[PDB]
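Accompanying notes for the structure given below.
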Amino acid sequence: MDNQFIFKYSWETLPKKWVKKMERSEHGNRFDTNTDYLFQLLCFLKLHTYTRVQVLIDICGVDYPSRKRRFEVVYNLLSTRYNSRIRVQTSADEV
Amino acid sequence: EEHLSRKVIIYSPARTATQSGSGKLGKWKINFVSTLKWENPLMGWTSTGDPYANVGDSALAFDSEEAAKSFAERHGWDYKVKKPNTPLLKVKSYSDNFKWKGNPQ
Amino acid sequence: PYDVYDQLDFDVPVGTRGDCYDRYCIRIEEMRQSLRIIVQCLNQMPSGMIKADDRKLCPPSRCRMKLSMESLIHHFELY
Amino acid sequence: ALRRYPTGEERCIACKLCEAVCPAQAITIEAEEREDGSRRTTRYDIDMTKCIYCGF
Amino acid sequence: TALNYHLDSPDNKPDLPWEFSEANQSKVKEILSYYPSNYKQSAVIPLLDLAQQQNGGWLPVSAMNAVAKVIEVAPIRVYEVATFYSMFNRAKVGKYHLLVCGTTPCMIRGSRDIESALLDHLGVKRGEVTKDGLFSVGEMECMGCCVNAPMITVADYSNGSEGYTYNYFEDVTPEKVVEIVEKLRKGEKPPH
Amino acid sequence: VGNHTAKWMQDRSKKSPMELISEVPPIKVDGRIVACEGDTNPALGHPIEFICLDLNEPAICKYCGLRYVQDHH
Amino acid sequence: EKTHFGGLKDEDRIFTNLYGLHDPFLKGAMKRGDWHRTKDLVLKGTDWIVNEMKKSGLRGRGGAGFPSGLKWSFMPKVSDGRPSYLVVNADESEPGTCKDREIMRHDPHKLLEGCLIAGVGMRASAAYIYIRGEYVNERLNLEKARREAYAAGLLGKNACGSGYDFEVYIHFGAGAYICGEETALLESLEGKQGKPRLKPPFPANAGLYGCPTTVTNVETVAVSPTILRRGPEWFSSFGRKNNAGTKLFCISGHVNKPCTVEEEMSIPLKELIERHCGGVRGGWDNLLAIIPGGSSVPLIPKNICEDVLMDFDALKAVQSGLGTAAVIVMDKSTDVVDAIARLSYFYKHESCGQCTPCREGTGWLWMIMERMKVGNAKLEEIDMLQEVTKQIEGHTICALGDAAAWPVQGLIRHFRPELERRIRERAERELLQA
Amino acid sequence: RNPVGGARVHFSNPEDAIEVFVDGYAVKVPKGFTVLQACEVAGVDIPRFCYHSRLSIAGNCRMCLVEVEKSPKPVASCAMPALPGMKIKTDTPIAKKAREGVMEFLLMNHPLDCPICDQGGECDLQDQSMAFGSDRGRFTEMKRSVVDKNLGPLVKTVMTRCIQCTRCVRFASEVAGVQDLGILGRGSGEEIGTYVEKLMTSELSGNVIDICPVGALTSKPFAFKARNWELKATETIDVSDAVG
Ligand SMILES: Cc1cc2nc3c(=O)[nH]c(=O)nc-3n(C[C@H](O)[C@H](O)[C@H](O)COP(=O)(O)O)c2cc1C
Ligand code: SF4
Ligand code: SF4
Ligand code: SF4
Ligand code: SF4
Ligand code: FES
Ligand code: FES
Ligand SMILES: [Zn+2]
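Protein chains in written order, with full-length UniProt numbering: chain C, 1 to 95; chain A, 47 to 151; chain S, 238 to 316; chain D, 112 to 167; chain Z, 30 to 221; chain R, 37 to 109; chain Y, 51 to 484; chain L, 57 to 300.
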């Protein structure tokens, strides 16, 4: 399970309205999603047979003061089943 | 509360005069005018009691005037904007070094 | 894998009960496997440079910085 | 420790590189042209309680 | 020992008065007449040459200041001109400047065989004037192809600008250069 | 003894570095240029400094304070 | 003829007093044909003169070989208030060259009449002759000739009775090789240091005093009246196509009889050496290398010299140049590396110092050549020398940097085994001795 | 693209504008602009030492060389006028190699005294050596050396660092209006100085410290006192006179 297969299969299978941005790079596969779909996206990735993203490695914030939604919340996840890592991000503000 | 009512300046630092390069311009900063420092009477070290001693020059930064203004107005600070001075490119010719002085007067 | 771990022989001990005793035994075995890895590193240790040669990110030698402008400039910049 | 040349002259020329690199900001330097024109420290302080003994 | 700066001395200091002689005034005017009156700077090189001829073969800083005054420029430009070109002598030379030790085209035919004998006869090192102030040895700068090398150059400053000559001598030998020096001492112009 | 040294040196038993370096006689050199490394082993000294000796006054190495003069002229 | 070139006869020689056997002043000059009906040539007009110069195929004799007629035609047809100037380059400081000195010594009236002709052809009001500062006797002779021409009405107001006004002034340098470069010459004539200018502006638009100006060699100027009188077709009948005319050659070095001679362009180098110089000293088989024209062109080896012709194109095709047509001949007894190091010292000494690559690289090349003279170098330093020459070439304000890089490049190209052998012998001595 | 430094470009008439390409990009510049200025309008920063926008073009440092299509040689962008249809390349191998060679020549005789040079930390030479020529030095011969000159109590002099950019001389001649500084000699031995002993008496003399790209001319009263990275910059106005 390489990062080319994850990118292509996630494009083919995920509901379209969940992902606003998809990056494929040696720095990591990255999915950006609205805050209202984060939970469902993570549940899908955890449960689906072809992803089995079972381990949440961490959650962290990043501050971007020049942005209307200044905070970016990053979810680093791991599939021990397929020996692959995924990054899922969403933005947030102070309230 | 007490530190949210201070007056700040929003500005774009100009280019230094010791270097011809222009790669540090376009950034917008919030000057906190922290000018309350003194000398510690043991070693002569520079002491301060103002929390915003260096955050305006080390961490806080903004890519545009509008972002800095929005941040300042959301935090409630009273801000004044100083527009940066920019050079005027003028027609220059190497031929001008050898201009004819004209007929003698 | 990272660095030269793919050139090295070692086993990965795993437990069967998932309790404190299994983890103690795993740590003992991991020490044994670490000893194995150290022996292999000692025997396979090659000669050559210990710093990346890209002269924009690594300190020059003390003698180079005292002898060469480019080196001095890079040392000043780096530190 | 600060060192001297065998002549007795100080080695330090107040370049301030050590002050810049110090991860703990434990070095404080002031400098000026000495009476003979030499570039030398007037002040060189190390806070031994800030220092992390890293050797940088 | 040419240097790109001046250190004051008793025979070489700005306060010493220096002006073109009355007899040189005709020549200065004729030199100026060759160029538009707002382009007087063009005369710096011939005027510097005339001043060097008048001052016995060298240019004190006062002469440079006087030339700068004639052409109406800051003295720094005249200093630049005087230091850029090798024909100007900014230290004292003898009444007869002997130029030896040529360059590439003549050392193929053995040019470096004349200088040492010249110092040995003159009893001086290169660049210093003799006690009687008659001879000084300098660096020759070469023209031509140096067929009839070795060659030396004699600059005659003994009679100001009206007696100035700048001549090249060919097939000069250690015996012949001493003979040339002897005729120069006795006043006869050596053949060339 | 000067104002510079008095800012840090509070002991007068020993000579200051400024006086100590001034007591070292200028090193005579055959030539108009000399390179100073501050040590017999260059890697243990200071970055190499090339010093012109055209002036009559002794020329000072800006790193170690050693002084050099032209031996003949 | 079209097949072989050389053996120029006396009836086709332009510089008929080159050997100084007759009076060089006005009476002898007219007796030899100078100042003959110059009024008619002037009254023919600028356009006719320019067209004849273009038809003659004359190319610049100062080294670059630019077509003279086109260069003259670069001058403005209508004045914009500024005057037009002609500057004659008599500053030949290149080692091994004396042709312009001979022209000034023995045929000065040729130079003066050519000055007038070129000034009419350039619509110029005045001419400045910039002479080498060391040519004191030559300058005095030329000034005497100028007084003779002014007294006879050939120069000045109403020159030769043609209604054209033309002033000729004599200027001299103070011993700088770089002043031979045209823009450096203009700066020196202005009273500044001899530092070349960047182009653009070109001198035809802003030259002396910021006025339209043409800088051309003494040889180029002095042959124009003869070309006009005898016809462009006669001049173009000599030499190959695009290399027309006669040329002043001077041959020095290891030849039996060195001499200065006027010969047909495109003459074979070997034919020139064995015809006028008595051959290479010790025979042609003793030849090692030849520098075709002046020290500013790369040398060529013995195999190249066998068949190469002396013109701009043939020497250009073998990575060399005609230059000043100063032939320097080196036999097998010469230390070629030492000669190249000597040339490197010359270029380091003569660099004006304005621009960084020349100012520093000339000294660097000289130091490397001095080290390689005795083999005190590594084998890999030859490649470093080549790359330094490439770093200098093409990155400088003027062509002196290229002239400094070329001899080293030629040495590396044609005698690399000699340098390698010197290095190996030095290393062998180092191993056994210590 | 924003011009370098936010520089403003004024057009007398849109008819008097030409079109040039800077690395494929289309930019419009007024007639008479140089290649370097067109690069600045395009937002491309060309390295330079001898060029200064307030002083006459010199074109001697050769650090601003770029590649222009159909040009046989690298072109000094600071002096070459821009032409319509000109295709300017600044990052081709020719330009990079020219910059590397020029930087190597500049550092050849430059002294190894960054730790004692006040320009350290705000030095154009250091930054351009880090950026353009990250070439390992290979010069092993003896460096040239220069004696220091006395210019008064304001300008401290270390002439070994001078790169002969002639900015100070042109400033003295063209801005200060006091012709005291010149360039003396010829070749690698040329030295900036006044020849005779004299101090810089112009009231604008201190600006030569700003314009000198290396630590050759530095503030004597400020000598050695601080590094640029430990200084806090405040933008304000002067009250010494009524000029502001
Ligand atoms: C370093 C250097 C030295 C030069 N010296 C001379 C010279 O002595 N005489 C000369 O005629 N041209 C000399 N030139 C060439 C001139 O710049 C210029 O091309 C010439 O005056 C043109 O004359 P022409 O068109 O009649 O050949 C020199 C060029 C350089 C780069
Ligand atoms: S300031 Fe620090 S780094 Fe610089 S010379 Fe002194 S001790 Fe060394
Ligand atoms: S190439 Fe040499 S001679 Fe020509 S301008 Fe540059 S430094 Fe001067
Ligand atoms: S000017 Fe100073 S800081 Fe810049 S490279 Fe030279 S010594 Fe280093
Ligand atoms: S002192 Fe500075 S400004 Fe003046 S020429 Fe040298 S490097 Fe340029
Ligand atoms: S010895 Fe040949 S030019 Fe002087
Ligand atoms: S900035 Fe153009 S040559 Fe120096
Ligand atoms: Zn030292």
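Beta carbons: idealized from backbone N, C-alpha and C, even for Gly.
- By the Cβ test, the region 171-180 of chain Y is in contact with the region 202-216 of chain Y, since at least three Cβ pairs between them sit closer than 8 Å.
- Counting along the chain, the unbroken beta strand (DSSP E) around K128 of chain A starts and ends at 124-128.
- Closest in alpha carbon position to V271 of chain Y, among Y:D60, Y:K121, Y:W456, Y:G95, is Y:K121.
- Looking at the DSSP output, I239 of chain L shares a beta bridge with L:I248.
- Distance from the CA atom of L147 of chain Z to the CA atom of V206 of chain Z, rounded to whole angstroms, is 7 Å.
- Distance from the CA of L372 of chain Y to the CA of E188 of chain Y, rounded to the nearest whole angstrom, comes to 25 Å.
- In the three-state reduction of the DSSP assignment, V101 of chain A falls in the helix class.
- Taking the beta carbon of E120 of chain D as reference, the chain R residues within 7 Å of it are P53, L56, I57, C100, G101, listed in sequence order.
- According to the DSSP assignment, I418 of chain Y belongs to no beta strand (DSSP E) but to the alpha helix (DSSP H) extending over 406-423.
- In this structure, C135 of chain Z has its beta carbon less than 8 Å from a heavy atom of ligand 6.
- For the region 80-96 of chain R, the beta-carbon criterion of a distance under 8 Å to any beta-carbon of chain S is satisfied by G81, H82, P83, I84.
- Look at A82 of chain L: its C-beta is not under 9 Å from any C-beta on chain Y.
- Across the region 61-75 of chain R, CB contacts with chain L closer than 9 Å involve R68, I69, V70, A71, in sequence order along the chain.
- If only complete runs of 4 or more residues are kept, the region 258-338 of chain Y shows the alpha helix (DSSP H) at 268-272, 274-280, 282-286, 319-326, in order along the chain.
- Within the same chain, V65, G67, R68, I69, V70, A95, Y104, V105, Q106 come within 8 Å of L89 of chain R by CB-CB distance, once the 5 residues on both sides are set aside.
- Not one heavy atom of ligand 8 is found less than 8 Å from the C-beta of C170 of chain L.
- When secondary structure is reduced to three states using DSSP, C120 of chain L falls in the coil class, being assigned neither helix nor strand.
- For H82 of chain R, the CB falls within less than 8 Å of some heavy atom of ligand 8.
- Of all residues in the region 385-412 of chain Y, only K398, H399, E400, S401, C402, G403, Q404, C405, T406, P407, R409, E410, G411, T412 come within less than 8 Å of chain L when Cβ atoms are compared, listed by chain position.
- With distances taken between CA atoms, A140 of chain Y lies nearest to Y:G230 out of Y:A234, Y:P318, Y:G57, Y:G230.
- Shown here for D388 of chain Y: same chain residues with a beta carbon closer than 6 Å to its own, the five before and five after excluded, namely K423 in chain order.
- Rounded to the nearest angstrom, the gap between the Cα atoms of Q70 of chain Z and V358 of chain Y is 47 Å.
- Not one heavy atom of ligand 2 falls within 8 Å of the beta-carbon of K43 of chain R.
- DSSP places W122 of chain Y inside the alpha helix (DSSP H), whose first and last residues are 118-123.
- For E307 of chain S, a Cβ of chain L is located within less than 9 Å of the residue's own Cβ.
- In terms of CA proximity to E160 of chain L, Y:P407 leads the group Y:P407, Y:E420, Y:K52.
- Under the Cβ criterion of 9 Å, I310 of chain S is counted among the residues facing chain L.
- Put simply, the backbone Cα of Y135 of chain Y is about 44 Å away from that of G189 of chain L.
- Only residues of its own chain outside the window of five on either side were considered, and among them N41 have a CB closer than 6 Å to the CB of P89 of chain Z, listed in chain order.
- Within the region 409-438 of chain Y, those residues whose Cβ lies closer than 7 Å to any Cβ of chain L are, in chain order, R409, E410, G411, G413, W414, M417, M434.
- If you check the CB distance, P86 of chain L and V100 of chain L do not come in under 9 Å.
- Below the 7 Å Cβ cutoff, chain L contributes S190, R192 as neighbours of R292 of chain S, in chain order.
- Taking 9 Å as the cut-off, the Cβ atoms of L298 of chain Y and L68 of chain Y count as close.
- Distance check between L127 of chain Z and each of Z:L32, Z:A31, Z:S50, Z:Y197 places Z:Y197 closest, using alpha-carbon atoms only.
- For the pair of segments examined, the region 53-73 of chain A was found not to touch the region 159-173 of chain L: the number of CB pairs separated by less than 8 Å stays below three.
- The beta carbons of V218 of chain Y and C261 of chain Y sit no closer together than 9 Å.
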